[PDB]
2 protein chains.
Amino acid sequence: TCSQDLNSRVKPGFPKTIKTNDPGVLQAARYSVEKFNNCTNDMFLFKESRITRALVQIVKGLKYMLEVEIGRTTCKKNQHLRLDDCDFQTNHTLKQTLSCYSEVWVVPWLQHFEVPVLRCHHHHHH
Amino acid sequence: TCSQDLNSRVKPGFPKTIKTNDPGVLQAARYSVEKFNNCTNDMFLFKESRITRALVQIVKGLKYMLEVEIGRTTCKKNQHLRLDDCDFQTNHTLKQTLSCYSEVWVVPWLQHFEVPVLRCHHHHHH
Ligand SMILES: *[C@@H]1O[C@H](CO[C@H]2O[C@@H](C)[C@@H](O)[C@@H](O)[C@@H]2O)[C@@H](O[C@@H]2O[C@H](CO)[C@@H](O)[C@H](O)[C@H]2NC(C)=O)[C@H](O)[C@H]1NC(C)=O
Ligand SMILES: *[C@@H]1O[C@H](CO[C@H]2O[C@@H](C)[C@@H](O)[C@@H](O)[C@@H]2O)[C@@H](O[C@@H]2O[C@H](CO)[C@@H](O)[C@H](O)[C@H]2NC(C)=O)[C@H](O)[C@H]1NC(C)=O
Ligand SMILES: *[C@@H]1O[C@H](CO)[C@@H](O)[C@H](O)[C@H]1NC(C)=O
Ligand SMILES: *[C@@H]1O[C@H](CO)[C@@H](O)[C@H](O)[C@H]1NC(C)=O
Ligand SMILES: [Zn+2]
Ligand SMILES: [Zn+2]
Ligand SMILES: [Zn+2]
Ligand SMILES: [Zn+2]
Ligand SMILES: [Zn+2]
Ligand SMILES: [Zn+2]
Ligand SMILES: [Zn+2]
Ligand SMILES: [Zn+2]
Ligand SMILES: [Zn+2]
Ligand SMILES: [Zn+2]
């Protein structure tokens, strides 16, 4: 499986630290939680709640490597609700947070984004 | 394409800096150049020459993210030659170096390694 770029015209980028409030980082964390909502069957939408760590790598575009917390909101899935206007669950029985790692590839000049990696963990209540 | 680990039993690891002379890093850089030799058709084998940057991430094993330089050796390909005993080209017309980025996944308890990403650049002689 030699599907590699082994004679690249550009020197490949290495991941570098980036501020966790960088507008690009913030948008990448939104993509991540949207990938999560798309890929699960909760009755509520989740929303990014905290970005603890972030790296960005140049690869024909921007690849974000993110450590992001996501939380259940009070907005139901499948009602065409926008996450910017969703607040987190207050009800303790409905409060749920996950710790995720994601990689998000964004090519703004081609209007393209992808979330090729998303790993999430809900910690046991014991 | 929801082929993700979204209900993981473990909190996912984030990539952390690791020393570029760490024995695991050194072995990962060897895997990278071996992936390079496997995936190209030079008449000589290449060998890792310098590891400039390294991150390691815990993901059911160790994933290395490496910035590694590779160089052409005087050992011919397809002669069953071991890289530890190969020295770099002296002949200026045969000297060739590439800057690579690689990701190498190693699971030592399962005797498994993989090089899922390798990107390499030969800088123009102008
Ligand atoms: C967004 O999700 C759909 C997958 O449909 C999914 O429903 C989720 C809630 C979850 O349970 C998931 O496991 C389930 O498959 C994706 O479309 C699906 O993709 C797979 C593989 O490509 C196809 O085999 C399915 O037929 C297809 N189903 C439908 C209804 O479209 C979609 O790819 C995904 N998008 C992204 C970008 O993640
Ligand atoms: C190691 O390389 C071989 C690929 O054979 C290659 O020869 C190289 C020098 C290079 O020119 C490359 O582009 C060429 O394909 C891999 O086996 C091949 O894999 C592909 C896809 O899996 C198959 O379609 C080929 O039929 C198959 N060919 C042979 C002769 O086996 C092999 O996967 C690769 N190994 C690794 C781990 O990178
Ligand atoms: C919280 O949610 C549960 C289940 O939907 C419900 O039984 C309970 O009444 C709710 N409590 C409050 C105060 O909203
Ligand atoms: C270097 O290699 C080239 C091509 O193989 C050859 O023409 C030349 O004689 C070599 N020079 C020396 C000093 O080895
Ligand atoms: Zn809609
Ligand atoms: Zn609000
Ligand atoms: Zn919980
Ligand atoms: Zn697109
Ligand atoms: Zn936990
Ligand atoms: Zn052999
Ligand atoms: Zn020697
Ligand atoms: Zn050169
Ligand atoms: Zn294996
Ligand atoms: Zn260059």
# chains A, B, ... in the order shown; residues from 1 in each chain; ligands from 1
$ select_by_dssp --residues "chain A" --states "helix (DSSP H, G or I)" --output "VMD selection string"
chain A and resid 23 to 39 83 to 85 108 to 110
$ write_last_selection --atoms "N, CA, C and O atoms" --output "short mmCIF file (atom, residue, chain, number, x, y, z; two decimals), in the first residue's frame"
data_model
loop_
_atom_site.label_atom_id
_atom_site.label_comp_id
_atom_site.auth_asym_id
_atom_site.auth_seq_id
_atom_site.Cartn_x
_atom_site.Cartn_y
_atom_site.Cartn_z
N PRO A 23 -9.51 31.01 15.79
CA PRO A 23 -10.78 30.84 15.09
C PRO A 23 -10.82 29.56 14.24
O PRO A 23 -11.85 28.89 14.22
N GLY A 24 -9.72 29.19 13.60
CA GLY A 24 -9.63 27.93 12.85
C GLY A 24 -9.77 26.70 13.74
O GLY A 24 -10.45 25.73 13.39
N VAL A 25 -9.11 26.73 14.90
CA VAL A 25 -9.26 25.66 15.89
C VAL A 25 -10.72 25.54 16.34
O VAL A 25 -11.22 24.44 16.47
N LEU A 26 -11.37 26.69 16.57
CA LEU A 26 -12.74 26.69 17.04
C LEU A 26 -13.69 26.07 16.01
O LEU A 26 -14.59 25.30 16.38
N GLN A 27 -13.47 26.39 14.74
CA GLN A 27 -14.28 25.84 13.66
C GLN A 27 -14.01 24.34 13.50
O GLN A 27 -14.91 23.57 13.23
N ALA A 28 -12.75 23.93 13.69
CA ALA A 28 -12.41 22.51 13.59
C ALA A 28 -13.09 21.68 14.69
O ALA A 28 -13.57 20.56 14.44
N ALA A 29 -13.14 22.23 15.90
CA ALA A 29 -13.83 21.58 17.02
C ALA A 29 -15.34 21.47 16.77
O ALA A 29 -15.96 20.49 17.19
N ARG A 30 -15.92 22.46 16.09
CA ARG A 30 -17.32 22.37 15.65
C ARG A 30 -17.53 21.26 14.62
O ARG A 30 -18.49 20.49 14.72
N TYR A 31 -16.64 21.17 13.63
CA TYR A 31 -16.72 20.04 12.70
C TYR A 31 -16.67 18.68 13.41
O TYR A 31 -17.41 17.75 13.05
N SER A 32 -15.82 18.58 14.42
CA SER A 32 -15.63 17.33 15.17
C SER A 32 -16.93 16.88 15.83
O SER A 32 -17.34 15.72 15.70
N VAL A 33 -17.59 17.81 16.52
CA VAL A 33 -18.81 17.46 17.23
C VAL A 33 -19.98 17.19 16.28
O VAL A 33 -20.86 16.38 16.57
N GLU A 34 -19.94 17.83 15.11
CA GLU A 34 -20.90 17.56 14.05
C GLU A 34 -20.70 16.18 13.43
O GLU A 34 -21.67 15.50 13.11
N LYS A 35 -19.44 15.75 13.29
CA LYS A 35 -19.13 14.37 12.91
C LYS A 35 -19.67 13.42 13.97
O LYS A 35 -20.25 12.39 13.63
N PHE A 36 -19.51 13.77 15.25
CA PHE A 36 -20.05 12.98 16.36
C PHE A 36 -21.57 12.86 16.27
O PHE A 36 -22.11 11.76 16.39
N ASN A 37 -22.26 13.99 16.10
CA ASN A 37 -23.74 13.94 15.97
C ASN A 37 -24.19 13.11 14.77
O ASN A 37 -25.16 12.37 14.86
N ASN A 38 -23.46 13.22 13.67
CA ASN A 38 -23.78 12.43 12.49
C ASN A 38 -23.60 10.93 12.70
O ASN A 38 -24.30 10.12 12.08
N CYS A 39 -22.67 10.55 13.59
CA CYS A 39 -22.22 9.17 13.71
C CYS A 39 -22.76 8.41 14.91
O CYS A 39 -22.37 7.27 15.14
N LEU A 83 -26.29 24.58 16.26
CA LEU A 83 -25.53 24.42 17.50
C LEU A 83 -25.11 25.70 18.21
O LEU A 83 -25.02 25.70 19.44
N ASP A 84 -24.84 26.77 17.46
CA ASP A 84 -24.53 28.07 18.06
C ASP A 84 -25.61 28.54 19.04
O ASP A 84 -25.31 29.26 19.99
N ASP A 85 -26.85 28.13 18.80
CA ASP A 85 -27.97 28.53 19.66
C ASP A 85 -28.42 27.45 20.66
O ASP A 85 -29.41 27.63 21.36
N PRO A 108 -9.74 25.67 3.06
CA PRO A 108 -10.66 26.81 2.90
C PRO A 108 -10.72 27.34 1.49
O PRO A 108 -11.78 27.83 1.06
N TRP A 109 -9.62 27.25 0.75
CA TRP A 109 -9.66 27.74 -0.64
C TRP A 109 -10.41 26.79 -1.58
O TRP A 109 -10.76 27.17 -2.69
N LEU A 110 -10.66 25.57 -1.13
CA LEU A 110 -11.47 24.64 -1.91
C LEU A 110 -12.83 24.37 -1.26
O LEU A 110 -13.55 23.47 -1.68
#
$ residues_near_ligand --ligand "ligand 11" --cutoff "12 Å" --atoms "only C-alpha atoms and all ligand atoms" --output "list in words"
residues 73, 74, 75, 82, 83, 84, 85, 86, 87, 88, 89 and 90 of chain B
$ write_last_selection --atoms "C-alpha atoms" --output "short mmCIF file (atom, residue, chain, number, x, y, z; two decimals), in the first residue's frame"
data_model
loop_
_atom_site.label_atom_id
_atom_site.label_comp_id
_atom_site.auth_asym_id
_atom_site.auth_seq_id
_atom_site.Cartn_x
_atom_site.Cartn_y
_atom_site.Cartn_z
CA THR B 73 23.43 4.66 0.88
CA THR B 74 26.04 2.68 -1.09
CA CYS B 75 24.08 -0.56 -0.60
CA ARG B 82 20.94 -4.83 6.29
CA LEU B 83 20.68 -1.06 6.80
CA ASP B 84 22.61 -1.00 10.10
CA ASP B 85 25.70 -1.91 8.04
CA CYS B 86 25.07 0.54 5.15
CA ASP B 87 26.95 3.85 4.99
CA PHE B 88 25.82 6.95 3.05
CA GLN B 89 26.92 7.79 -0.51
CA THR B 90 30.24 9.65 -0.74
#
$ atom_distance --atom1 "atom CA of residue 11 of chain A" --atom2 "atom CA of residue 122 of chain B"
7.9 Å
$ residues_near_ligand --ligand "ligand 3" --cutoff "10 Å" --atoms "only C-alpha atoms and all ligand atoms" --output "JSON, numbers by chain"
{"A": [89, 90, 91, 92, 93, 94, 95]}
$ interface_residues --of "chain B" --to "chain A" --cutoff "10 Å" --atoms "only C-alpha atoms" --output "ChimeraX atom specification"
/B:1-15,35-36,38-40,53-55,59,65-67,98-102,115-124
$ residues_near_ligand --ligand "ligand 10" --cutoff "8 Å" --atoms "only C-alpha atoms and all ligand atoms" --output "PDB file with N, CA, C and O atoms, in the first residue's frame"
ATOM      1  N   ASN B  78      17.605  -5.034  -3.240  1.00  0.00           N
ATOM      2  CA  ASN B  78      17.404  -6.417  -3.727  1.00  0.00           C
ATOM      3  C   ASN B  78      18.635  -7.343  -3.628  1.00  0.00           C
ATOM      4  O   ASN B  78      18.775  -8.309  -4.401  1.00  0.00           O
ATOM      5  N   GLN B  79      19.514  -7.054  -2.669  1.00  0.00           N
ATOM      6  CA  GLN B  79      20.672  -7.922  -2.391  1.00  0.00           C
ATOM      7  C   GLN B  79      20.675  -8.421  -0.940  1.00  0.00           C
ATOM      8  O   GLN B  79      21.671  -8.995  -0.480  1.00  0.00           O
ATOM      9  N   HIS B  80      19.547  -8.208  -0.249  1.00  0.00           N
ATOM     10  CA  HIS B  80      19.314  -8.664   1.125  1.00  0.00           C
ATOM     11  C   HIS B  80      20.294  -8.055   2.104  1.00  0.00           C
ATOM     12  O   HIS B  80      20.792  -8.748   3.003  1.00  0.00           O
ATOM     13  N   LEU B  81      20.551  -6.758   1.925  1.00  0.00           N
ATOM     14  CA  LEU B  81      21.501  -6.034   2.748  1.00  0.00           C
ATOM     15  C   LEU B  81      20.816  -5.354   3.911  1.00  0.00           C
ATOM     16  O   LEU B  81      19.736  -4.771   3.768  1.00  0.00           O
TER      17      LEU B  81
END
$ select_by_dssp --residues "chain B" --states "strand (DSSP E or B)" --output "ChimeraX atom specification"
/B:5-8,16-17,44-58,62-76,88,97-107,112-121
$ write_last_selection --atoms "C-alpha atoms" --output "mmCIF file, in the first residue's frame"
data_model
loop_
_atom_site.group_PDB
_atom_site.id
_atom_site.type_symbol
_atom_site.label_atom_id
_atom_site.label_comp_id
_atom_site.auth_asym_id
_atom_site.auth_seq_id
_atom_site.Cartn_x
_atom_site.Cartn_y
_atom_site.Cartn_z
ATOM 1 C CA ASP B 5 -14.231 4.588 18.206
ATOM 2 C CA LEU B 6 -16.912 6.877 19.694
ATOM 3 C CA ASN B 7 -17.596 4.938 22.883
ATOM 4 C CA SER B 8 -14.028 4.081 23.786
ATOM 5 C CA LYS B 16 3.278 14.554 23.121
ATOM 6 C CA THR B 17 6.842 15.622 22.446
ATOM 7 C CA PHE B 44 20.255 1.913 -3.836
ATOM 8 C CA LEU B 45 18.717 1.583 -0.378
ATOM 9 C CA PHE B 46 18.066 4.747 1.637
ATOM 10 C CA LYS B 47 18.662 5.070 5.386
ATOM 11 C CA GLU B 48 17.379 7.480 8.036
ATOM 12 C CA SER B 49 20.039 10.190 8.456
ATOM 13 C CA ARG B 50 18.519 12.620 10.979
ATOM 14 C CA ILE B 51 15.407 12.855 13.135
ATOM 15 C CA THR B 52 14.641 16.524 13.666
ATOM 16 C CA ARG B 53 11.246 16.356 15.421
ATOM 17 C CA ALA B 54 9.153 13.627 17.047
ATOM 18 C CA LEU B 55 5.766 13.257 18.756
ATOM 19 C CA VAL B 56 4.315 10.053 20.157
ATOM 20 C CA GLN B 57 0.653 9.351 20.794
ATOM 21 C CA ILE B 58 -0.916 6.502 22.788
ATOM 22 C CA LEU B 62 2.365 3.847 20.101
ATOM 23 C CA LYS B 63 1.869 6.155 17.123
ATOM 24 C CA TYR B 64 4.985 8.132 16.191
ATOM 25 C CA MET B 65 4.745 11.344 14.234
ATOM 26 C CA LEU B 66 8.231 11.968 12.858
ATOM 27 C CA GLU B 67 10.182 14.547 10.928
ATOM 28 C CA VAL B 68 13.047 12.449 9.578
ATOM 29 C CA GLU B 69 15.736 13.012 6.941
ATOM 30 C CA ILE B 70 16.695 10.047 4.748
ATOM 31 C CA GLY B 71 19.759 9.617 2.540
ATOM 32 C CA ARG B 72 20.947 7.334 -0.249
ATOM 33 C CA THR B 73 23.430 4.657 0.877
ATOM 34 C CA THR B 74 26.042 2.684 -1.089
ATOM 35 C CA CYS B 75 24.080 -0.559 -0.597
ATOM 36 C CA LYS B 76 22.192 -1.876 -3.588
ATOM 37 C CA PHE B 88 25.818 6.945 3.051
ATOM 38 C CA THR B 97 18.683 13.470 0.735
ATOM 39 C CA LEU B 98 14.944 13.757 1.325
ATOM 40 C CA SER B 99 12.938 15.424 4.066
ATOM 41 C CA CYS B 100 10.075 13.196 5.159
ATOM 42 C CA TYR B 101 7.128 13.272 7.489
ATOM 43 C CA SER B 102 5.953 9.904 8.726
ATOM 44 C CA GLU B 103 3.440 8.299 11.053
ATOM 45 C CA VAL B 104 4.398 4.882 12.365
ATOM 46 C CA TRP B 105 2.104 2.756 14.524
ATOM 47 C CA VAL B 106 3.866 0.193 16.716
ATOM 48 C CA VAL B 107 2.216 -2.419 18.923
ATOM 49 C CA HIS B 112 3.135 -5.357 14.883
ATOM 50 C CA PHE B 113 4.220 -2.168 13.174
ATOM 51 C CA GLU B 114 2.771 -0.119 10.326
ATOM 52 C CA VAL B 115 3.727 3.076 8.455
ATOM 53 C CA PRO B 116 0.289 4.479 7.453
ATOM 54 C CA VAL B 117 1.713 7.909 6.433
ATOM 55 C CA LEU B 118 4.922 8.818 4.616
ATOM 56 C CA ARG B 119 5.485 12.077 2.739
ATOM 57 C CA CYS B 120 8.940 12.885 1.304
ATOM 58 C CA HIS B 121 10.495 15.853 -0.502
#
$ atom_distance --atom1 "atom CA of residue 19 of chain B" --atom2 "atom 1 (Zn, counted along the ligand's line) of ligand 13"
25.3 Å
$ closest_residue --among "B:43, B:77, B:125, B:111" --to "ligand 4" --atoms "only C-alpha atoms and all ligand atoms"
B:43
$ decode --residues "segment 76-120 of chain B" --atoms "N, CA and C atoms" --output "PDB file, in the first residue's frame"
ATOM      1  N   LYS B  76      23.184  -1.620  -2.550  1.00  0.00           N
ATOM      2  CA  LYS B  76      22.192  -1.876  -3.588  1.00  0.00           C
ATOM      3  C   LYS B  76      20.929  -2.529  -3.022  1.00  0.00           C
ATOM      4  N   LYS B  77      19.792  -2.145  -3.595  1.00  0.00           N
ATOM      5  CA  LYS B  77      18.504  -2.744  -3.287  1.00  0.00           C
ATOM      6  C   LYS B  77      18.480  -4.197  -3.802  1.00  0.00           C
ATOM      7  N   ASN B  78      17.605  -5.034  -3.240  1.00  0.00           N
ATOM      8  CA  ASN B  78      17.404  -6.417  -3.727  1.00  0.00           C
ATOM      9  C   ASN B  78      18.635  -7.343  -3.628  1.00  0.00           C
ATOM     10  N   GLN B  79      19.514  -7.054  -2.669  1.00  0.00           N
ATOM     11  CA  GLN B  79      20.672  -7.922  -2.391  1.00  0.00           C
ATOM     12  C   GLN B  79      20.675  -8.421  -0.940  1.00  0.00           C
ATOM     13  N   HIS B  80      19.547  -8.208  -0.249  1.00  0.00           N
ATOM     14  CA  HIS B  80      19.314  -8.664   1.125  1.00  0.00           C
ATOM     15  C   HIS B  80      20.294  -8.055   2.104  1.00  0.00           C
ATOM     16  N   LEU B  81      20.551  -6.758   1.925  1.00  0.00           N
ATOM     17  CA  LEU B  81      21.501  -6.034   2.748  1.00  0.00           C
ATOM     18  C   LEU B  81      20.816  -5.354   3.911  1.00  0.00           C
ATOM     19  N   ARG B  82      21.462  -5.427   5.066  1.00  0.00           N
ATOM     20  CA  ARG B  82      20.943  -4.833   6.292  1.00  0.00           C
ATOM     21  C   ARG B  82      21.389  -3.374   6.444  1.00  0.00           C
ATOM     22  N   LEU B  83      20.425  -2.495   6.706  1.00  0.00           N
ATOM     23  CA  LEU B  83      20.676  -1.057   6.797  1.00  0.00           C
ATOM     24  C   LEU B  83      21.632  -0.600   7.897  1.00  0.00           C
ATOM     25  N   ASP B  84      21.658  -1.303   9.032  1.00  0.00           N
ATOM     26  CA  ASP B  84      22.614  -1.002  10.101  1.00  0.00           C
ATOM     27  C   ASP B  84      24.059  -1.008   9.612  1.00  0.00           C
ATOM     28  N   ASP B  85      24.346  -1.810   8.585  1.00  0.00           N
ATOM     29  CA  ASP B  85      25.702  -1.907   8.037  1.00  0.00           C
ATOM     30  C   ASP B  85      25.922  -1.114   6.741  1.00  0.00           C
ATOM     31  N   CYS B  86      24.934  -0.318   6.340  1.00  0.00           N
ATOM     32  CA  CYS B  86      25.074   0.535   5.154  1.00  0.00           C
ATOM     33  C   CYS B  86      25.504   1.946   5.525  1.00  0.00           C
ATOM     34  N   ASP B  87      26.501   2.464   4.811  1.00  0.00           N
ATOM     35  CA  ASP B  87      26.955   3.849   4.992  1.00  0.00           C
ATOM     36  C   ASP B  87      26.419   4.730   3.849  1.00  0.00           C
ATOM     37  N   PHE B  88      26.364   6.041   4.067  1.00  0.00           N
ATOM     38  CA  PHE B  88      25.818   6.945   3.051  1.00  0.00           C
ATOM     39  C   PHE B  88      26.764   7.180   1.867  1.00  0.00           C
ATOM     40  N   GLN B  89      26.177   7.472   0.706  1.00  0.00           N
ATOM     41  CA  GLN B  89      26.924   7.790  -0.508  1.00  0.00           C
ATOM     42  C   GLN B  89      27.945   8.894  -0.274  1.00  0.00           C
ATOM     43  N   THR B  90      29.156   8.673  -0.781  1.00  0.00           N
ATOM     44  CA  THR B  90      30.244   9.649  -0.740  1.00  0.00           C
ATOM     45  C   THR B  90      30.241  10.445  -2.051  1.00  0.00           C
ATOM     46  N   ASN B  91      30.226   9.710  -3.169  1.00  0.00           N
ATOM     47  CA  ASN B  91      30.076  10.249  -4.526  1.00  0.00           C
ATOM     48  C   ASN B  91      29.021  11.357  -4.578  1.00  0.00           C
ATOM     49  N   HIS B  92      29.452  12.580  -4.900  1.00  0.00           N
ATOM     50  CA  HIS B  92      28.547  13.740  -4.905  1.00  0.00           C
ATOM     51  C   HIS B  92      27.407  13.599  -5.916  1.00  0.00           C
ATOM     52  N   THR B  93      27.674  12.918  -7.031  1.00  0.00           N
ATOM     53  CA  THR B  93      26.646  12.687  -8.046  1.00  0.00           C
ATOM     54  C   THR B  93      25.600  11.661  -7.602  1.00  0.00           C
ATOM     55  N   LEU B  94      25.898  10.927  -6.533  1.00  0.00           N
ATOM     56  CA  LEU B  94      24.975   9.917  -6.029  1.00  0.00           C
ATOM     57  C   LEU B  94      24.368  10.291  -4.674  1.00  0.00           C
ATOM     58  N   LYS B  95      24.923  11.320  -4.034  1.00  0.00           N
ATOM     59  CA  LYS B  95      24.352  11.871  -2.801  1.00  0.00           C
ATOM     60  C   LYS B  95      22.942  12.400  -3.049  1.00  0.00           C
ATOM     61  N   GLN B  96      21.975  11.871  -2.305  1.00  0.00           N
ATOM     62  CA  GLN B  96      20.601  12.368  -2.347  1.00  0.00           C
ATOM     63  C   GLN B  96      19.951  12.287  -0.973  1.00  0.00           C
ATOM     64  N   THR B  97      19.383  13.407  -0.535  1.00  0.00           N
ATOM     65  CA  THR B  97      18.683  13.470   0.735  1.00  0.00           C
ATOM     66  C   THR B  97      17.245  13.920   0.527  1.00  0.00           C
ATOM     67  N   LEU B  98      16.337  13.331   1.300  1.00  0.00           N
ATOM     68  CA  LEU B  98      14.944  13.757   1.325  1.00  0.00           C
ATOM     69  C   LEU B  98      14.519  14.113   2.732  1.00  0.00           C
ATOM     70  N   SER B  99      13.630  15.099   2.828  1.00  0.00           N
ATOM     71  CA  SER B  99      12.938  15.424   4.066  1.00  0.00           C
ATOM     72  C   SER B  99      11.576  14.760   4.049  1.00  0.00           C
ATOM     73  N   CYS B 100      11.325  13.931   5.055  1.00  0.00           N
ATOM     74  CA  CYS B 100      10.075  13.196   5.159  1.00  0.00           C
ATOM     75  C   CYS B 100       9.285  13.543   6.417  1.00  0.00           C
ATOM     76  N   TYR B 101       7.974  13.379   6.327  1.00  0.00           N
ATOM     77  CA  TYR B 101       7.128  13.272   7.489  1.00  0.00           C
ATOM     78  C   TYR B 101       6.548  11.862   7.479  1.00  0.00           C
ATOM     79  N   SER B 102       6.583  11.195   8.623  1.00  0.00           N
ATOM     80  CA  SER B 102       5.953   9.904   8.726  1.00  0.00           C
ATOM     81  C   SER B 102       5.120   9.723   9.993  1.00  0.00           C
ATOM     82  N   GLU B 103       4.142   8.825   9.889  1.00  0.00           N
ATOM     83  CA  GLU B 103       3.440   8.299  11.053  1.00  0.00           C
ATOM     84  C   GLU B 103       3.658   6.804  11.044  1.00  0.00           C
ATOM     85  N   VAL B 104       4.023   6.273  12.206  1.00  0.00           N
ATOM     86  CA  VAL B 104       4.398   4.882  12.365  1.00  0.00           C
ATOM     87  C   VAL B 104       3.665   4.382  13.598  1.00  0.00           C
ATOM     88  N   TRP B 105       2.877   3.328  13.427  1.00  0.00           N
ATOM     89  CA  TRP B 105       2.104   2.756  14.524  1.00  0.00           C
ATOM     90  C   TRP B 105       2.755   1.452  14.956  1.00  0.00           C
ATOM     91  N   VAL B 106       3.148   1.371  16.223  1.00  0.00           N
ATOM     92  CA  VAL B 106       3.866   0.193  16.716  1.00  0.00           C
ATOM     93  C   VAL B 106       3.117  -0.403  17.896  1.00  0.00           C
ATOM     94  N   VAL B 107       2.817  -1.696  17.807  1.00  0.00           N
ATOM     95  CA  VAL B 107       2.216  -2.419  18.923  1.00  0.00           C
ATOM     96  C   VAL B 107       3.154  -3.565  19.350  1.00  0.00           C
ATOM     97  N   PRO B 108       4.129  -3.264  20.239  1.00  0.00           N
ATOM     98  CA  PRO B 108       5.193  -4.220  20.591  1.00  0.00           C
ATOM     99  C   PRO B 108       4.675  -5.482  21.242  1.00  0.00           C
ATOM    100  N   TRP B 109       3.580  -5.387  21.989  1.00  0.00           N
ATOM    101  CA  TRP B 109       3.040  -6.600  22.615  1.00  0.00           C
ATOM    102  C   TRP B 109       2.322  -7.510  21.618  1.00  0.00           C
ATOM    103  N   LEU B 110       2.013  -6.985  20.434  1.00  0.00           N
ATOM    104  CA  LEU B 110       1.434  -7.813  19.378  1.00  0.00           C
ATOM    105  C   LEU B 110       2.404  -8.038  18.222  1.00  0.00           C
ATOM    106  N   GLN B 111       3.670  -7.666  18.428  1.00  0.00           N
ATOM    107  CA  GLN B 111       4.732  -7.725  17.397  1.00  0.00           C
ATOM    108  C   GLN B 111       4.342  -7.117  16.039  1.00  0.00           C
ATOM    109  N   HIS B 112       3.691  -5.962  16.080  1.00  0.00           N
ATOM    110  CA  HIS B 112       3.135  -5.357  14.883  1.00  0.00           C
ATOM    111  C   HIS B 112       3.666  -3.944  14.743  1.00  0.00           C
ATOM    112  N   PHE B 113       3.932  -3.545  13.508  1.00  0.00           N
ATOM    113  CA  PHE B 113       4.220  -2.168  13.174  1.00  0.00           C
ATOM    114  C   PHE B 113       3.611  -1.898  11.811  1.00  0.00           C
ATOM    115  N   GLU B 114       3.362  -0.620  11.558  1.00  0.00           N
ATOM    116  CA  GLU B 114       2.771  -0.119  10.326  1.00  0.00           C
ATOM    117  C   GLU B 114       3.300   1.294  10.114  1.00  0.00           C
ATOM    118  N   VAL B 115       3.395   1.707   8.848  1.00  0.00           N
ATOM    119  CA  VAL B 115       3.727   3.076   8.455  1.00  0.00           C
ATOM    120  C   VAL B 115       2.557   3.630   7.593  1.00  0.00           C
ATOM    121  N   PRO B 116       1.448   4.045   8.237  1.00  0.00           N
ATOM    122  CA  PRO B 116       0.289   4.479   7.453  1.00  0.00           C
ATOM    123  C   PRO B 116       0.475   5.798   6.689  1.00  0.00           C
ATOM    124  N   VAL B 117       1.429   6.625   7.108  1.00  0.00           N
ATOM    125  CA  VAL B 117       1.713   7.909   6.433  1.00  0.00           C
ATOM    126  C   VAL B 117       3.207   8.077   6.170  1.00  0.00           C
ATOM    127  N   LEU B 118       3.555   8.425   4.937  1.00  0.00           N
ATOM    128  CA  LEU B 118       4.922   8.818   4.616  1.00  0.00           C
ATOM    129  C   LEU B 118       4.916   9.820   3.478  1.00  0.00           C
ATOM    130  N   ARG B 119       5.440  11.013   3.749  1.00  0.00           N
ATOM    131  CA  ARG B 119       5.485  12.077   2.739  1.00  0.00           C
ATOM    132  C   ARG B 119       6.934  12.524   2.670  1.00  0.00           C
ATOM    133  N   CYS B 120       7.515  12.550   1.470  1.00  0.00           N
ATOM    134  CA  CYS B 120       8.940  12.885   1.304  1.00  0.00           C
ATOM    135  C   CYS B 120       9.182  13.893   0.195  1.00  0.00           C
TER     136      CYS B 120
END
